[PDB]
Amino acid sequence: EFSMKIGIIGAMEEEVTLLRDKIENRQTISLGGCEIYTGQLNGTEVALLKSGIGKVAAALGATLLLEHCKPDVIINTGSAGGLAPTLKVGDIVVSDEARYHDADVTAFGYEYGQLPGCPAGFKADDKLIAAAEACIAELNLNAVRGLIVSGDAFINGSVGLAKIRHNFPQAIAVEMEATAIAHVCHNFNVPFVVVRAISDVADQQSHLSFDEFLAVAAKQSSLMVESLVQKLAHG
């Protein structure tokens, strides 16, 4: 305790800003097109990286963060399109696993979503998940735990969504960085957990919904992250 460094990766300005503004003794390190904010969040040493959007940007960011700040665990936050029926805009999704919904080397006998040399899915850390569920209960928020899928496409209904629902009937949310981050953490053997807030249900109106509720998603994911850091650091 007291010597834990918690890594946090968010892709977009909005939520990252709220967390960034709350960092004490904040400093900014700009690298490979990424900004990394170091300091403490309510006492806990954190390293917050604003990655770009997409798998590669997230991978590049996650790799840089691991390499230069060597955080003990990684928390990926931000928005996501809710897929589980009980999810409403603002609700929380916690990954117990992450899979690429757009990876496909099945022609070679790999499981759909699986890339060669990688497990079909990347498992989030049990302690981190439990911690997150603890915060969820304590904050009295509605949330769902389960499989989160990533791809380099903003899902907006039509075939994008149906294909995902068909390939991963159990997926609770879809977004664009989670699995890339999980993938990099897996390779570095670093525990991770994805804690995002719903900004849309990835249907025909996901773009306007995203546009109108990105703010609330940022508010709720940031609140959860702040709460998770605290709980991970103490109790």
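Each form is matched to the other, and the largest set of C-alpha atoms that superpose within 1.5 Å is called the rigid core. In case it trips you up, residue 1 is the first one in the sequence shown, and so on.
Novice: Please pick 185-193 or 35-43, whichever has its Cα atoms farther from the shown form in 5 other deposited structures of this protein after a rigid core fit.
Specialist: Higher root mean square deviation of C-alphas in 5 other deposited structures of this protein is shown by 35-43.
Novice: Superpose by the rigid core and compare 117-125 with 154-162; which one moves more, by C-alpha RMS, in 5 other deposited structures of this protein?
Specialist: With the rigid core fitted, 154-162 is the stretch that strays more in 5 other deposited structures of this protein.
Novice: Between 51-59 and 199-207, name whichever shows the higher mean Cα B factor according to the PDB entry.
Specialist: The entry gives the higher C-alpha B-factor average to 199-207.
Novice: Take the C-alpha B-factors listed in the entry for 22-30 and for 174-182, compute each mean, and give the stretch with the larger one.
Specialist: Mean C-alpha B-factor is greater for 22-30.
Novice: Per the entry, which of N189, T38, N42, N167 tops the list for Cα B factor?
Specialist: If I rank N189, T38, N42, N167 by C-alpha B-factor, first place goes to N42.
Novice: Name the one of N76, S150, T86, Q114 with the greatest CA B-factor according to the PDB entry.
Specialist: Going by the entry's C-alpha B-factors, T86 comes out highest.
Novice: Against its chain's modelled residues, does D102's Cα B factor rank lowest, middle or highest third?
Specialist: For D102, whose C-alpha B-factor we compare with every modelled residue in the chain, the answer is the lowest third.
Novice: Going by what the PDB entry lists, where does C118 fall on CA B-factor within its chain: lowest, middle or highest third?
Specialist: It belongs to the lowest third of the chain when residues are ordered by C-alpha B-factor.
Novice: Per the entry's values, where does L141 land by CA temperature factor relative to the rest of its chain, in the lowest, middle or highest third?
Specialist: Highest third.
Novice: Which third, lowest, middle or highest, does the C-alpha temperature factor of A134 belong to within its own chain?
Specialist: Within its chain, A134 is a highest-third residue by C-alpha B-factor, going by the deposited values.
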